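# Structural overview
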Amino acid sequence: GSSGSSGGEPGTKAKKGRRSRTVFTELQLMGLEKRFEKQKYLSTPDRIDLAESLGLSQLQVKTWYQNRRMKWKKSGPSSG
């Protein structure tokens, strides 16, 4: 036989942007939800094309998305 032994990451990090400043307009949000929904994660160029269509910043999609994912996911350790 032959199976892995140990594959640990060389080093990772996480950042938090809990800021109640960024605001999206009903219009912008509408589009953001449409895209994300269709494609949980956009591509390098794609994300750009969108930010240009709605007038948002590439960062928006990136961040906004990640944040959305959280809710999108589902954790059920024990219900009861």
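Per the conventions used, each chain is numbered from 1 along its written sequence, independently of whether this matches the entry, and residues without coordinates are not displayed. Note: side-chain values were computed over all heavy atoms of the structure, leaving out hydrogens and water.

In the PDB header, solution NMR is given as the technique by which the entry was determined.

## Quick look at the side chain of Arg47
Working definition: helices are DSSP H or I runs of at least four residues, strands are E runs of at least two. Numbering for both runs from the N terminus. Its location among the elements puts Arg47 in helix α2 (residues 44-54). Any residue under 20% of the maximum accessible area for its type is buried, any over 50% is exposed, and the rest in between are partly exposed; the area is computed with a 1.4 Å probe on protein chains only. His is not counted, nor are the chain ends, whereas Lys and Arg count as positive and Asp and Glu as negative. Salt bridges are counted wherever a side-chain nitrogen of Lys or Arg sits within 4 Å of a carboxyl oxygen of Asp or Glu. In this structure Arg47 is buried but unpaired, with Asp46 as the nearest side chain of opposite charge at 8.2 Å. Pairs of N or O atoms within 3.5 Å make up the polar contacts considered here, provided that, within protein, one atom can donate a hydrogen while the other can accept it, and that residues adjacent in sequence are counted only when both atoms are side-chain atoms. Separated by 2.9 Å, the side chain of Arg47 and the backbone oxygen of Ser43 make a polar contact. Here a residue-residue contact requires only that any non-hydrogen atoms of the pair lie within 4.5 Å. Discounting residues that sit within four places of it in the chain, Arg47 has contacts with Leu42, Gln58, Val61 and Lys62.

## Quick look at the side chain of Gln28
Tracing the backbone through its elements, the reader meets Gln28 in helix α1 (residues 26-38). Residue classification places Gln28 among the buried positions, given a relative accessible area of 16%. Other than its neighbours up to four places away in sequence, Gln28 contacts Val23, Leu54 and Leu56.

## With respect to the nonpolar core
Each nonpolar core is a collection of buried residues, namely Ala, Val, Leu, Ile, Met, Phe, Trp, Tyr and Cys, held together in the definition by side-chain atoms within 4.5 Å. Counting residues in each nonpolar core, the largest one holds 9 residues, listed as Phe24, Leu32, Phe36, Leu42, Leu50, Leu56, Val61, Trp64 and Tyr65. The element that contributes the greatest number of residues to this core is helix α3 (residues 58-72), accounting for 3 residues.

## Details of the packing of α2 against α3
Note on geometry: axes are lines fitted to C-alpha atoms, helical ones only across the stretch in contact, with angles between N-to-C directions running from 0 to 180 degrees. At a minimum axis distance of 8 Å, the contact between α2 and α3 shows a crossing angle of 110°. With respect to α3, the element α2 is oriented roughly perpendicular. Helix-helix and strand crossings are classified by hand; for α2 and α3 the assignment is right-handed. Across the interface between the two elements, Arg47, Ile48, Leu50 and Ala51 from α2 touch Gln58, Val61 and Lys62 from α3. The residue classification treats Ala, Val, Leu, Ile, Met, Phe, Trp, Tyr, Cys and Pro as nonpolar and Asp, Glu, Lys and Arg as charged. All others, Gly included, are polar. Classifying every residue of the contact of α2 with α3 gives 4 nonpolar, 1 polar and 2 charged. Roughly parallel means an angle under 35 degrees; roughly antiparallel means over 145; roughly perpendicular covers 65 to 115; every other angle is labelled oblique. In this scheme the crossing of two helices becomes right-handed for a clockwise turn of the near helix relative to the far one and left-handed for an anticlockwise turn of less than a right angle.

## Quick word on α2
Residues three or four positions apart in an α-helix share a direction because the helix packs 3.6 residues into each turn. Turning to α2, its buried residues number three or more, namely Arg47, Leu50 and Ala51. One face of α2 carries all of its buried residues, which in axial projection span an arc of 100°. Pointing more than 90 degrees away from the buried face of α2 are the exposed residues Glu52 and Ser53. Here the buried face of α2 lies against α1 and α3. Working note: the arc is built from the helix axis to C-beta atom directions.

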